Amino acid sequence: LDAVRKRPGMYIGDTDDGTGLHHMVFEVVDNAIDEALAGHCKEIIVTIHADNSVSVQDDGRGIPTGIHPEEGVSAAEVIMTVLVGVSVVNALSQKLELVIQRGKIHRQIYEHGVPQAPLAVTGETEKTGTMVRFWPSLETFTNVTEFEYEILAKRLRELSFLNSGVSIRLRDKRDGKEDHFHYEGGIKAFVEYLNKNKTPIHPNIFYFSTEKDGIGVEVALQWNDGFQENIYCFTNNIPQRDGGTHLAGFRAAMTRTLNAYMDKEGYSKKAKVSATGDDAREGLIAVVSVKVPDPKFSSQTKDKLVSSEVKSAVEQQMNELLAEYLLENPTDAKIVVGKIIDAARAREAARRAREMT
């Protein structure tokens, strides 16, 4: 905990540009999401309070009050004081308020990670769940010290997309602003949301969710009438801004599958054109979400995945299931290939124009 306060940037992220400050919120929220994955938390409420603090309330089982025999303290204190983990959020807060409903209300206060008293019973209750409220230390965080609604909203919405049926509410008490995120459609609903202001060219969103060689692979995609590529890549719900081996495998499987379809069904022959990866990527919206037990990144930022085995897992699953999708949905296949041929014709005609005088 003293080591965390000494080098706060290492554990929570950049402590000056706002990255670290908002990651304090996301770490506490991630604990509530793990309970929702376990099947107990149905709703999470995140509130930005007027005094520049944030609270997160879940309706799960509540953190164990049962006391540790070796440590001699409540199991909730062990989670809050021992090593991202919630102890990091606790170490870098000037104050943190813990409230556990489990059928008794338990309360504890911390200051700079150190508890004022043990976890004591305050009253009685029928409900269940955990509440954590924290005041981030202004010794640690500089420049950007105030929480920003839109930064918390963007990530909690994607966390809803990424975690099947988890209700997340966001409340800003400074100005009354509210949001409720609860997308039951999941990453398929992510793609719908990403294409809501675009024009989708075919009705059936491609989707699968599989597990091979200890790697979870989940993909959704859909083409629009535009010419932009917009792939969003995730590893254990952490976004990779700069892609990596998940994105490579996705791209590899996709060029291979569509070319194989266009060759076999006789599209390439009739057109007299050879389609490339760039032709297929135009108008594409996609989300690639992988589950890796021990993932390797390029740096501590996790902007790029470098686990080489993830490429093969994504590539192989994509090849099989995208090929199944094309045959089973021939009208979608015909629209998408029609767009790809026209992009290939335009590119090849443009390349032919430069050389010809």
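Residue numbers here begin at 1 and follow the sequence given.
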Continuity check for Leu83 and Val84, given as deposited residues lacking coordinates between them: 10 or more
How big is the unmodelled gap, if any, between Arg102 and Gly103 relative to the deposited sequence? Choose none, 1 to 3, 4 to 9, or 10 or more. 1 to 3
According to the deposited model, is the average Cα temperature factor higher in 73-81 or in 258-266? 73-81
Pick between 13-21 and 343-351: the one whose mean CA B-factor in the entry is higher. 343-351
Among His112, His246, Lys154, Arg169, which carries the highest Cα B-factor? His112
Of the options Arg251, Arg107, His180, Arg174, which has the highest CA B factor as deposited? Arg107
Using the B-factor values recorded in the entry, state whether the Cα atom of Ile215 falls in the lowest, middle or highest third among the modelled residues of its chain. middle
Mind checking which third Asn31 falls in for C-alpha B-factor across the chain? middle
Record-listed C-alpha B factor of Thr65: chain third: highest
Chain thirds by Cα B factor, record data; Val88 belongs to the middle
Which third, lowest, middle or highest, does the C-alpha temperature factor of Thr199 belong to within its own chain? highest
